[PDB]
Amino acid sequence: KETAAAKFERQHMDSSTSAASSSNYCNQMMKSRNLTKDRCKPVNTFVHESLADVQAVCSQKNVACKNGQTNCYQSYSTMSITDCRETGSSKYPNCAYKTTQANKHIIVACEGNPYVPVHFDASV
Ligand SMILES: Nc1ncnc2c1ncn2[C@@H]1O[C@H](COP(=O)(O)OP(=O)(O)OP(=O)(O)OP(=O)(O)OP(=O)(O)O)[C@@H](O)[C@H]1O
């Protein structure tokens, strides 16, 4: 039983590097975090900040979520992130991805007690 918070960390946290490594980053990262295993997850974002910094976003700027819920929060500071976007030549189980580095405000949905990130909603 993977908690929703643990799943968020597996899907979206990569504190080890400061920015996307190579053009290869998403191909390898989407694979190893088990985001390509039943299918190719079409789009995914990895956040290169400490877990404490990302968790803290749950007390930052409250904003509407894409699905209409009210539990989303935008970071006051920009954060180092990497966007992974499936290519057209990508066919499961050969998921291939374009790797885009950026520094952007992240928007996460938070839930629970303790109140922690459980969904990555957007970057702006
Ligand atoms: N405000 C919110 N609070 C809590 N959870 C919220 C939420 N908004 C959406 N979800 C949750 O995000 C997923 C939406 O699918 P999506 O972003 O459009 O991506 P998806 O097609 O990839 O479906 P998943 O693979 O389940 O994406 P994930 O939920 O696993 O990963 P993610 O939540 O960071 O996108 C569902 O589990 C939904 O309850």
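Please read every residue number as a count from 1 along the shown chain.
Cβ coordinates are placed from backbone N, Cα and C, and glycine is handled just like the others.
Feature annotations, reproduced from Swiss-Prot:
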ACT_SITE  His12  active site, proton acceptor
ACT_SITE  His119  active site, proton donor
BINDING   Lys7, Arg10, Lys41, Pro42, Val43, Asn44, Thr45, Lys66, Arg85  substrate binding site
DISULFID  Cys26-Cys84  disulfide bond
DISULFID  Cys40-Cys95  disulfide bond
DISULFID  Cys58-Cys110  disulfide bond
DISULFID  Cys65-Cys72  disulfide bond
CARBOHYD  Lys1  glycation site
CARBOHYD  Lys7  glycation site
CARBOHYD  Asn34  N-linked glycosylation site
CARBOHYD  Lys37  glycation site
CARBOHYD  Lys41  glycation site
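In this view, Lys1 (glycation site) is surrounded by 3 other Cβ atoms within 10 Å of its Cβ, with every protein chain counted. Annotation for the recorded positions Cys26, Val43, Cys58, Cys65, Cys84: lowest Cβ count within 10 Å of the residue's own Cβ, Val43. The two recorded residues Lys41 (substrate binding site) and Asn34 (N-linked glycosylation site) have their Cα atoms spaced 10 Å from each other. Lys1 (glycation site) and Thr45 (substrate binding site) have their C-alpha atoms 23 Å apart, to the nearest angstrom.
Comparing CA positions across the recorded positions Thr45, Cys84, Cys95, the one lying closest to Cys65 (disulfide bond) turns out to be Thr45. When the recorded positions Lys37, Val43, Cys84, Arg85, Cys95 are checked against ligand 1, none has a Cβ within less than 6 Å of one of its atoms. When secondary structure is read from DSSP and collapsed to three states, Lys41 (substrate binding site) falls in the coil class.
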